[PDB]
Amino acid sequence: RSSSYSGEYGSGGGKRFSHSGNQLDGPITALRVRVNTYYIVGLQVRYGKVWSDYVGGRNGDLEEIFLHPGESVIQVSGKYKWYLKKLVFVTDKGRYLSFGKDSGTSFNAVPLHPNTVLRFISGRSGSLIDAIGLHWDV
Ligand SMILES: OC[C@H]1O[C@H](O[C@@H]2[C@H](O)[C@@H](O)O[C@H](CO)[C@H]2O)[C@@H](O)[C@@H](O)[C@@H]1O
Ligand SMILES: [Cl-]
Ligand SMILES: [Cl-]
């Protein structure tokens, strides 16, 4: 078995969410992160050609980045307090896809098993992103 899970990074507020079902749509191809002055407000991930249902709140500006064909996320770092503040998605093409504010408790998630990549995310949300989890697999 090659699946592994990193998290949760954040606190216990909000309601749990998961993109477990979304991996049937395809590999991660794009990221949407709504950000304000202090926090990561919301998250959306594109699996193959299909965007997940938006999670989080509305009080922030939407940032968006598409992955290149064949580009996979192989490491995720970030920062949090009671809520998520920063995410950096490191890819196998050497890109560091950064969102949010450089402050708070830091974390650094890497996959446990050989040759695995980021397949989906989970976490907790409300008006903000309270917590995030990273799920790795072949
Ligand atoms: O995700 C953050 C937070 O969202 C919800 O609470 C909101 C916040 O406390 C704040 O923005 O004020 C709102 C109205 O006063 C309030 O709804 C909850 O889902 C909470 O559990 C969660 O931590
Ligand atoms: Cl850590
Ligand atoms: Cl760290």
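Whatever order the structure lists them in is the order used to number ligands and atoms, beginning at 1. One is the number of the first residue; the rest follow in order along the sequence.
Each of the following atoms of ligand 1 lies closer than 4.0 Å to a heavy atom of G13: 23 (O). Here is the list of ligand 1 atoms found below 4.0 Å of a heavy atom in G14: 19 (O), 20 (C), 21 (O), 22 (C), 23 (O). Listed by number with element, the atoms of ligand 1 under 4.0 angstrom from any heavy atom of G126 are 1 (O), 4 (O), 19 (O).
With sequence neighbours left out, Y39 forms a ring-ring contact (aromatic ring centres under 6.0 Å, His included) with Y83.
Distance screen at 4.0 Å: atom 2 (C) of ligand 1 has a protein heavy-atom neighbour inside the cut-off. Of the protein's heavy atoms, at least one falls inside 4.0 Å of atom 22 (C) of ligand 1. Within a 4.0 Å radius of atom 15 (O) of ligand 1, the protein has no heavy atom.
Side chain of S52 to main chain of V45: a donor-acceptor pair is present (N/O by atom type, distance under 3.5 Å, no hydrogens or angles). Within the 3.5 Å criterion, the main-chain N or O of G48 finds a donor-acceptor partner in the side chain of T29. With hydrogens and angles ignored, the 3.5 Å screen pairs a side-chain donor or acceptor of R34 with a backbone N or O of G60.
Under 4.0 Å from ligand 1, the heavy atoms of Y83 that appear belong solely to its side chain. Within the 4.0 Å heavy-atom criterion, both parts of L128, backbone and side chain, lie near ligand 1.
Screening residues 89-113 for salt bridge (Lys or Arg N to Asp or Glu O under 4.0 Å) gives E71-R95, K79-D102, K86-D102 as the qualifying pairs, with residues at least two apart or on separate chains.
The residue from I65, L84, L43 that alone fulfils the side chain to side chain contact (heavy atoms under 4.5 Å, CB included) condition with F99 is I65.
The single protein non-hydrogen atom nearest to atom 10 (C) of ligand 1 is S127 OG, 3.9 Å, given as residue, atom name and distance.
Note on ring orientation: taking the six-membered ring where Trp is involved, the planes of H19 and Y47 are perpendicular (angle over 60°, cut-offs 30° and 60°).
Between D130 and ligand 1, at least one pair of N/O atoms sits closer than 3.5 Å.
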